[PDB]
>>> print(open('entry-v3.txt').read())   # compact mmCIF, C-alpha atoms
# COMPACT_ATOMS: atom_id res chain seq x y z
CA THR S 1 0.00 0.00 0.00
CA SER S 2 2.14 2.85 1.37
CA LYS S 3 5.67 1.54 2.01
CA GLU S 4 7.86 4.51 2.92
CA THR S 5 11.37 3.68 1.68
CA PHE S 6 13.81 5.07 4.23
CA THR S 7 17.09 5.70 2.41
CA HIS S 8 20.28 7.46 3.43
CA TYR S 9 21.80 10.63 1.94
CA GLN S 10 25.52 10.50 1.08
CA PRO S 11 26.50 13.23 -1.40
CA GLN S 12 30.14 12.34 -0.75
CA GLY S 13 31.69 9.63 -2.89
CA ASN S 14 35.22 9.49 -1.51
CA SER S 15 36.99 9.99 1.81
CA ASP S 16 38.39 13.27 0.48
CA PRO S 17 37.68 16.37 2.61
CA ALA S 18 34.94 18.72 1.40
CA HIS S 19 36.45 22.16 1.92
CA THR S 20 34.23 25.23 1.69
CA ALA S 21 34.67 28.87 0.73
CA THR S 22 32.55 32.01 0.64
CA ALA S 23 32.25 34.16 -2.48
CA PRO S 24 29.74 36.72 -3.78
CA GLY S 25 26.87 35.47 -5.90
CA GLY S 26 24.68 37.06 -8.53
CA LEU S 27 22.20 34.26 -9.09
CA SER S 28 18.94 34.97 -10.91
CA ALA S 29 16.75 32.07 -9.72
CA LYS S 30 16.17 29.62 -6.90
CA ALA S 31 19.07 27.21 -6.51
CA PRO S 32 18.96 24.02 -4.40
CA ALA S 33 22.01 22.34 -2.90
CA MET S 34 24.67 20.59 -5.00
CA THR S 35 24.28 22.86 -8.04
CA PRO S 36 27.40 23.59 -10.13
CA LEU S 37 28.58 27.20 -10.26
CA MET S 38 30.50 29.24 -12.81
CA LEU S 39 32.34 32.55 -12.72
CA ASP S 40 30.80 35.33 -14.79
CA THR S 41 33.13 36.60 -17.51
CA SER S 42 31.90 40.20 -17.20
CA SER S 43 31.13 40.96 -13.54
CA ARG S 44 33.19 38.05 -12.10
CA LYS S 45 30.35 37.11 -9.77
CA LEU S 46 29.30 33.52 -9.09
CA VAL S 47 26.26 32.32 -11.04
CA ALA S 48 24.64 29.01 -11.89
CA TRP S 49 26.61 26.95 -14.38
CA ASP S 50 24.99 27.01 -17.82
CA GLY S 51 26.31 23.54 -18.68
CA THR S 52 27.58 24.70 -22.08
CA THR S 53 30.59 26.95 -21.40
CA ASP S 54 33.33 24.33 -21.23
CA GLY S 55 35.79 24.68 -18.37
CA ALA S 56 33.68 27.28 -16.55
CA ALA S 57 32.99 25.07 -13.51
CA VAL S 58 34.33 26.66 -10.33
CA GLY S 59 32.62 24.72 -7.55
CA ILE S 60 29.52 23.15 -6.07
CA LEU S 61 26.90 25.02 -4.05
CA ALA S 62 26.62 23.80 -0.46
CA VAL S 63 23.76 25.74 1.19
CA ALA S 64 20.74 26.74 -0.88
CA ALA S 65 20.53 30.44 -1.73
CA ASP S 66 18.62 32.78 -4.03
CA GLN S 67 18.94 36.02 -6.00
CA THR S 68 18.46 37.98 -2.76
CA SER S 69 21.57 36.38 -1.23
CA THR S 70 24.83 38.29 -1.56
CA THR S 71 27.44 35.70 -0.50
CA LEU S 72 27.28 31.96 -1.16
CA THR S 73 29.24 29.22 0.62
CA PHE S 74 30.34 26.59 -1.90
CA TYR S 75 32.51 23.49 -1.92
CA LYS S 76 35.95 23.78 -3.51
CA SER S 77 37.43 20.31 -2.92
CA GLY S 78 36.38 16.68 -2.60
CA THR S 79 34.57 14.07 -4.65
CA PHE S 80 30.80 13.92 -5.20
CA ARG S 81 28.60 11.06 -6.34
CA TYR S 82 27.37 11.62 -9.89
CA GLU S 83 23.72 10.92 -9.00
CA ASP S 84 23.49 13.67 -6.35
CA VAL S 85 24.78 16.69 -8.29
CA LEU S 86 21.92 18.65 -9.88
CA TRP S 87 23.40 19.17 -13.33
CA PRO S 88 21.87 21.90 -15.52
CA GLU S 89 19.48 20.71 -18.20
CA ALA S 90 21.63 22.18 -20.99
CA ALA S 91 24.25 19.47 -20.38
CA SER S 92 22.97 16.43 -22.27
CA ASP S 93 26.10 14.22 -22.39
CA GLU S 94 27.51 12.37 -19.39
CA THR S 95 31.14 12.54 -20.54
CA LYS S 96 31.31 16.34 -20.61
CA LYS S 97 29.71 16.59 -17.16
CA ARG S 98 32.13 14.02 -15.73
CA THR S 99 35.24 15.89 -16.94
CA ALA S 100 33.77 19.40 -16.57
CA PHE S 101 35.33 19.87 -13.12
CA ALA S 102 38.77 18.54 -14.06
CA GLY S 103 41.56 20.99 -13.28
CA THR S 104 40.13 22.03 -9.93
CA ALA S 105 39.97 19.91 -6.78
CA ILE S 106 36.39 18.82 -7.53
CA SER S 107 35.92 15.38 -9.08
CA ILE S 108 32.95 13.22 -10.06
CA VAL S 109 32.66 9.54 -9.15
CA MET P 1 28.17 36.10 16.82
CA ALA P 2 27.82 32.51 15.52
CA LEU P 3 24.66 33.09 13.52
CA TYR P 4 23.62 29.91 11.68
CA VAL P 5 26.42 27.67 10.33
CA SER P 6 25.18 24.06 10.07
CA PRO P 7 27.34 21.03 11.04
CA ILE P 8 28.14 20.26 7.40
CA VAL P 9 29.69 23.47 6.00
CA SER P 10 31.73 24.66 9.00
CA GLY P 11 33.67 27.77 8.07
CA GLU P 12 35.18 31.01 9.35
CA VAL P 13 37.38 31.09 12.46
CA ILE P 14 37.75 33.87 15.02
CA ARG P 15 40.65 36.17 15.95
CA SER P 16 42.48 36.57 19.24
CA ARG P 17 42.75 40.08 20.65
CA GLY P 18 44.88 42.49 22.69
CA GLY P 19 47.13 45.42 21.93
CA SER P 20 47.20 48.09 24.64
CA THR P 21 50.08 49.21 26.86
CA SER P 22 51.12 52.43 28.60
CA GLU P 23 53.82 53.42 31.10
CA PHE P 24 53.43 56.01 33.87
CA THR P 25 56.77 56.06 35.61
CA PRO P 26 58.03 58.43 38.27
CA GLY P 27 55.98 60.05 41.05
CA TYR P 28 57.56 61.71 44.13
CA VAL P 29 56.96 63.92 47.22
CA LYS P 30 58.70 64.73 50.54
CA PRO P 31 57.35 67.36 53.00
CA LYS P 32 60.25 67.93 55.42
CA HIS P 33 59.49 69.69 58.73
CA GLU P 34 61.53 71.28 61.52
CA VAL P 35 61.79 70.19 65.16
CA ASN P 36 62.18 73.63 66.83
CA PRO P 37 64.78 72.65 69.47
CA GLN P 38 64.34 75.95 71.38
CA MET P 39 60.52 76.08 71.26
CA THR P 40 60.17 73.30 73.86
CA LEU P 41 61.25 75.48 76.80
CA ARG P 42 57.93 77.36 76.78
CA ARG P 43 54.49 75.76 77.16
CA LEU P 44 52.22 74.64 74.33
CA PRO P 45 48.53 75.57 74.02
CA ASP P 46 48.02 72.00 75.26
CA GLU P 47 49.47 70.77 78.58
CA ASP P 48 47.14 72.52 81.05
CA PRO P 49 49.09 74.83 83.39
>>> encode(input="entry-v3.txt", output="structure tokens")
Amino acid sequence: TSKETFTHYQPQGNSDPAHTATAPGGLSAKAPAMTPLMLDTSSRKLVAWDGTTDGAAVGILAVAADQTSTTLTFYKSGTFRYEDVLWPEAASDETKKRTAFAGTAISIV
Amino acid sequence: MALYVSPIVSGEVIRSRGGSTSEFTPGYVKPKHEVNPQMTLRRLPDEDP
């Protein structure tokens, strides 16, 4: 009938530390946790990753924020399970998403 | 303050404080008085006659 499936919640995928940092944000819509971020080329603020600008990934959002928020706290290191990161809809190929964060400390498992 | 930070995204640390010092050295005073060795032969306003 109504079997509530109690599952865990492990965004982490490796024993690597998940270091955080605070940076200004200029988001234009609601953004839940574990959303990729990119650095704006014009204003150099932090916005939601479009999923098309290759190599623009800068980090992963940690605490949900909105357009009214001025500073966002985002992850800058560690490994995240591929099924828990809320990729933007514009990214339609798994390979590009997997290697999008290469170069920084962020990795996808 | 320590406003909200949740036990997943622990962040900023605090600073120790201090930084004041002043020195106020010398001070001095000495009010010397006389003994009047020849005033004792008379009688004082005390010492009823």
>>> residues_around(input="entry-v3.txt", residues="residue 49 in chain S", least_positions_apart="3", cutoff="10 Å", atoms="only C-alpha atoms", output="list in words")
residues 35, 36, 37, 38, 39, 40, 46, 52, 53, 54, 56, 57, 58, 59, 60, 87, 88, 90 and 91 of chain S
>>> interface_residues(input="entry-v3.txt", of="chain P", to="chain S", cutoff="9 Å", atoms="only C-alpha atoms", output="NGL selection string")
:P and (8-12)
>>> atom_distance(input="entry-v3.txt", atom1="CA of residue 68 in chain S", atom2="CA of residue 3 in chain P")
18.1 Å
>>> atom_distance(input="entry-v3.txt", atom1="CA of residue 55 in chain S", atom2="CA of residue 32 in chain S")
21.9 Å
>>> atom_distance(input="entry-v3.txt", atom1="CA of residue 26 in chain S", atom2="CA of residue 78 in chain S")
24.2 Å
>>> closest_residue(input="entry-v3.txt", among="S:102, S:77, S:29, S:83", to="residue 15 in chain S", atoms="all atoms listed in the file")
S:77
>>> residues_around(input="entry-v3.txt", residues="residue 31 in chain S", least_positions_apart="6", cutoff="7 Å", atoms="all atoms listed in the file", output="compact mmCIF listing (two decimals) with C-alpha atoms, keeping the file's coordinate frame")
# COMPACT_ATOMS: atom_id res chain seq x y z
CA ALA S 64 20.74 26.74 -0.88
CA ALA S 65 20.53 30.44 -1.73
CA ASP S 66 18.62 32.78 -4.03
>>> decode(input="entry-v3.txt", residues="range 10-44 of chain P", atoms="N, CA, C and O atoms", output="PDB file, in the first residue's frame")
ATOM      1  N   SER P  10      30.998  23.864   8.016  1.00  0.00           N
ATOM      2  CA  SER P  10      31.730  24.656   9.001  1.00  0.00           C
ATOM      3  C   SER P  10      32.802  25.516   8.340  1.00  0.00           C
ATOM      4  O   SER P  10      33.544  25.056   7.469  1.00  0.00           O
ATOM      5  N   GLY P  11      32.874  26.776   8.766  1.00  0.00           N
ATOM      6  CA  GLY P  11      33.668  27.768   8.069  1.00  0.00           C
ATOM      7  C   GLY P  11      34.548  28.660   8.923  1.00  0.00           C
ATOM      8  O   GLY P  11      35.443  28.183   9.627  1.00  0.00           O
ATOM      9  N   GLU P  12      34.292  29.966   8.842  1.00  0.00           N
ATOM     10  CA  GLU P  12      35.180  31.006   9.348  1.00  0.00           C
ATOM     11  C   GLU P  12      35.591  30.757  10.799  1.00  0.00           C
ATOM     12  O   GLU P  12      34.837  30.210  11.609  1.00  0.00           O
ATOM     13  N   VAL P  13      36.817  31.173  11.116  1.00  0.00           N
ATOM     14  CA  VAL P  13      37.378  31.088  12.456  1.00  0.00           C
ATOM     15  C   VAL P  13      37.456  32.507  13.023  1.00  0.00           C
ATOM     16  O   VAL P  13      37.257  33.493  12.313  1.00  0.00           O
ATOM     17  N   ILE P  14      37.751  32.601  14.314  1.00  0.00           N
ATOM     18  CA  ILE P  14      37.754  33.868  15.018  1.00  0.00           C
ATOM     19  C   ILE P  14      39.191  34.325  15.244  1.00  0.00           C
ATOM     20  O   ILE P  14      40.147  33.592  15.000  1.00  0.00           O
ATOM     21  N   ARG P  15      39.347  35.558  15.715  1.00  0.00           N
ATOM     22  CA  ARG P  15      40.649  36.170  15.952  1.00  0.00           C
ATOM     23  C   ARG P  15      40.868  36.368  17.445  1.00  0.00           C
ATOM     24  O   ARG P  15      39.929  36.695  18.177  1.00  0.00           O
ATOM     25  N   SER P  16      42.105  36.167  17.891  1.00  0.00           N
ATOM     26  CA  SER P  16      42.485  36.571  19.235  1.00  0.00           C
ATOM     27  C   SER P  16      42.703  38.082  19.281  1.00  0.00           C
ATOM     28  O   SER P  16      42.860  38.745  18.252  1.00  0.00           O
ATOM     29  N   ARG P  17      42.712  38.630  20.496  1.00  0.00           N
ATOM     30  CA  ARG P  17      42.749  40.080  20.649  1.00  0.00           C
ATOM     31  C   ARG P  17      43.813  40.545  21.638  1.00  0.00           C
ATOM     32  O   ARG P  17      44.553  39.732  22.200  1.00  0.00           O
ATOM     33  N   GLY P  18      43.891  41.856  21.850  1.00  0.00           N
ATOM     34  CA  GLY P  18      44.880  42.492  22.692  1.00  0.00           C
ATOM     35  C   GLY P  18      45.424  43.725  22.003  1.00  0.00           C
ATOM     36  O   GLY P  18      44.932  44.142  20.956  1.00  0.00           O
ATOM     37  N   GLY P  19      46.458  44.320  22.595  1.00  0.00           N
ATOM     38  CA  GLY P  19      47.131  45.420  21.929  1.00  0.00           C
ATOM     39  C   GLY P  19      47.111  46.779  22.600  1.00  0.00           C
ATOM     40  O   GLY P  19      47.063  47.802  21.911  1.00  0.00           O
ATOM     41  N   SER P  20      47.139  46.822  23.930  1.00  0.00           N
ATOM     42  CA  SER P  20      47.198  48.088  24.644  1.00  0.00           C
ATOM     43  C   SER P  20      48.275  48.025  25.717  1.00  0.00           C
ATOM     44  O   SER P  20      48.425  47.005  26.394  1.00  0.00           O
ATOM     45  N   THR P  21      49.021  49.119  25.866  1.00  0.00           N
ATOM     46  CA  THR P  21      50.081  49.211  26.862  1.00  0.00           C
ATOM     47  C   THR P  21      50.464  50.674  27.038  1.00  0.00           C
ATOM     48  O   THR P  21      50.545  51.421  26.060  1.00  0.00           O
ATOM     49  N   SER P  22      50.698  51.075  28.289  1.00  0.00           N
ATOM     50  CA  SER P  22      51.124  52.431  28.601  1.00  0.00           C
ATOM     51  C   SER P  22      51.956  52.410  29.875  1.00  0.00           C
ATOM     52  O   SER P  22      51.736  51.579  30.760  1.00  0.00           O
ATOM     53  N   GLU P  23      52.913  53.334  29.964  1.00  0.00           N
ATOM     54  CA  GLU P  23      53.818  53.416  31.101  1.00  0.00           C
ATOM     55  C   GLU P  23      53.731  54.791  31.755  1.00  0.00           C
ATOM     56  O   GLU P  23      53.745  55.825  31.078  1.00  0.00           O
ATOM     57  N   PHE P  24      53.639  54.789  33.087  1.00  0.00           N
ATOM     58  CA  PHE P  24      53.429  56.011  33.867  1.00  0.00           C
ATOM     59  C   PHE P  24      54.438  55.972  35.013  1.00  0.00           C
ATOM     60  O   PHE P  24      54.113  55.503  36.107  1.00  0.00           O
ATOM     61  N   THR P  25      55.655  56.448  34.755  1.00  0.00           N
ATOM     62  CA  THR P  25      56.770  56.063  35.614  1.00  0.00           C
ATOM     63  C   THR P  25      56.874  56.720  36.996  1.00  0.00           C
ATOM     64  O   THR P  25      56.622  56.054  38.008  1.00  0.00           O
ATOM     65  N   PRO P  26      57.250  58.009  37.091  1.00  0.00           N
ATOM     66  CA  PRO P  26      58.028  58.431  38.267  1.00  0.00           C
ATOM     67  C   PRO P  26      57.319  58.595  39.609  1.00  0.00           C
ATOM     68  O   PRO P  26      57.474  57.756  40.500  1.00  0.00           O
ATOM     69  N   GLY P  27      56.523  59.657  39.755  1.00  0.00           N
ATOM     70  CA  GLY P  27      55.982  60.049  41.051  1.00  0.00           C
ATOM     71  C   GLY P  27      57.058  60.522  42.023  1.00  0.00           C
ATOM     72  O   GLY P  27      58.179  60.008  41.961  1.00  0.00           O
ATOM     73  N   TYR P  28      56.746  61.463  42.930  1.00  0.00           N
ATOM     74  CA  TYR P  28      57.555  61.715  44.131  1.00  0.00           C
ATOM     75  C   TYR P  28      56.985  62.839  44.998  1.00  0.00           C
ATOM     76  O   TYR P  28      56.296  63.727  44.487  1.00  0.00           O
ATOM     77  N   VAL P  29      57.286  62.820  46.303  1.00  0.00           N
ATOM     78  CA  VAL P  29      56.964  63.916  47.220  1.00  0.00           C
ATOM     79  C   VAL P  29      57.695  63.714  48.548  1.00  0.00           C
ATOM     80  O   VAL P  29      57.926  62.574  48.968  1.00  0.00           O
ATOM     81  N   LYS P  30      58.074  64.817  49.221  1.00  0.00           N
ATOM     82  CA  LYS P  30      58.696  64.734  50.545  1.00  0.00           C
ATOM     83  C   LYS P  30      58.552  66.033  51.342  1.00  0.00           C
ATOM     84  O   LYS P  30      59.366  66.953  51.194  1.00  0.00           O
ATOM     85  N   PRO P  31      57.526  66.147  52.196  1.00  0.00           N
ATOM     86  CA  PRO P  31      57.350  67.364  53.005  1.00  0.00           C
ATOM     87  C   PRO P  31      58.157  67.394  54.299  1.00  0.00           C
ATOM     88  O   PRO P  31      57.643  67.025  55.360  1.00  0.00           O
ATOM     89  N   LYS P  32      59.411  67.832  54.230  1.00  0.00           N
ATOM     90  CA  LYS P  32      60.248  67.929  55.420  1.00  0.00           C
ATOM     91  C   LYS P  32      59.734  69.007  56.375  1.00  0.00           C
ATOM     92  O   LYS P  32      59.250  70.057  55.945  1.00  0.00           O
ATOM     93  N   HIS P  33      59.848  68.741  57.678  1.00  0.00           N
ATOM     94  CA  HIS P  33      59.488  69.691  58.726  1.00  0.00           C
ATOM     95  C   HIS P  33      60.641  69.862  59.710  1.00  0.00           C
ATOM     96  O   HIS P  33      61.578  69.062  59.757  1.00  0.00           O
ATOM     97  N   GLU P  34      60.549  70.927  60.502  1.00  0.00           N
ATOM     98  CA  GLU P  34      61.532  71.276  61.517  1.00  0.00           C
ATOM     99  C   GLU P  34      61.094  70.758  62.888  1.00  0.00           C
ATOM    100  O   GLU P  34      59.929  70.424  63.114  1.00  0.00           O
ATOM    101  N   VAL P  35      62.051  70.690  63.813  1.00  0.00           N
ATOM    102  CA  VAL P  35      61.792  70.186  65.156  1.00  0.00           C
ATOM    103  C   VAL P  35      61.682  71.300  66.194  1.00  0.00           C
ATOM    104  O   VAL P  35      61.093  71.068  67.261  1.00  0.00           O
ATOM    105  N   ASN P  36      62.217  72.496  65.919  1.00  0.00           N
ATOM    106  CA  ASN P  36      62.178  73.634  66.834  1.00  0.00           C
ATOM    107  C   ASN P  36      62.818  73.279  68.173  1.00  0.00           C
ATOM    108  O   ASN P  36      62.115  73.168  69.185  1.00  0.00           O
ATOM    109  N   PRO P  37      64.140  73.090  68.219  1.00  0.00           N
ATOM    110  CA  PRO P  37      64.777  72.652  69.473  1.00  0.00           C
ATOM    111  C   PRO P  37      64.656  73.647  70.617  1.00  0.00           C
ATOM    112  O   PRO P  37      64.772  73.240  71.780  1.00  0.00           O
ATOM    113  N   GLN P  38      64.431  74.929  70.337  1.00  0.00           N
ATOM    114  CA  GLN P  38      64.342  75.947  71.377  1.00  0.00           C
ATOM    115  C   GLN P  38      62.907  76.365  71.674  1.00  0.00           C
ATOM    116  O   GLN P  38      62.690  77.230  72.529  1.00  0.00           O
ATOM    117  N   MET P  39      61.925  75.779  70.996  1.00  0.00           N
ATOM    118  CA  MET P  39      60.524  76.079  71.257  1.00  0.00           C
ATOM    119  C   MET P  39      59.947  75.228  72.383  1.00  0.00           C
ATOM    120  O   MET P  39      58.856  75.530  72.879  1.00  0.00           O
ATOM    121  N   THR P  40      60.669  74.203  72.829  1.00  0.00           N
ATOM    122  CA  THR P  40      60.173  73.299  73.856  1.00  0.00           C
ATOM    123  C   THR P  40      60.330  73.844  75.270  1.00  0.00           C
ATOM    124  O   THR P  40      59.770  73.261  76.204  1.00  0.00           O
ATOM    125  N   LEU P  41      61.072  74.938  75.455  1.00  0.00           N
ATOM    126  CA  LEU P  41      61.254  75.480  76.796  1.00  0.00           C
ATOM    127  C   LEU P  41      60.009  76.204  77.296  1.00  0.00           C
ATOM    128  O   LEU P  41      59.788  76.275  78.510  1.00  0.00           O
ATOM    129  N   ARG P  42      59.192  76.742  76.393  1.00  0.00           N
ATOM    130  CA  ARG P  42      57.930  77.359  76.776  1.00  0.00           C
ATOM    131  C   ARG P  42      56.864  76.274  76.916  1.00  0.00           C
ATOM    132  O   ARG P  42      57.156  75.075  76.908  1.00  0.00           O
ATOM    133  N   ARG P  43      55.606  76.684  77.048  1.00  0.00           N
ATOM    134  CA  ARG P  43      54.490  75.758  77.156  1.00  0.00           C
ATOM    135  C   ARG P  43      53.609  75.860  75.918  1.00  0.00           C
ATOM    136  O   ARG P  43      53.412  76.949  75.368  1.00  0.00           O
ATOM    137  N   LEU P  44      53.098  74.718  75.479  1.00  0.00           N
ATOM    138  CA  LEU P  44      52.220  74.644  74.325  1.00  0.00           C
ATOM    139  C   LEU P  44      50.810  75.089  74.700  1.00  0.00           C
ATOM    140  O   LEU P  44      50.487  75.225  75.882  1.00  0.00           O
TER     141      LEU P  44
END
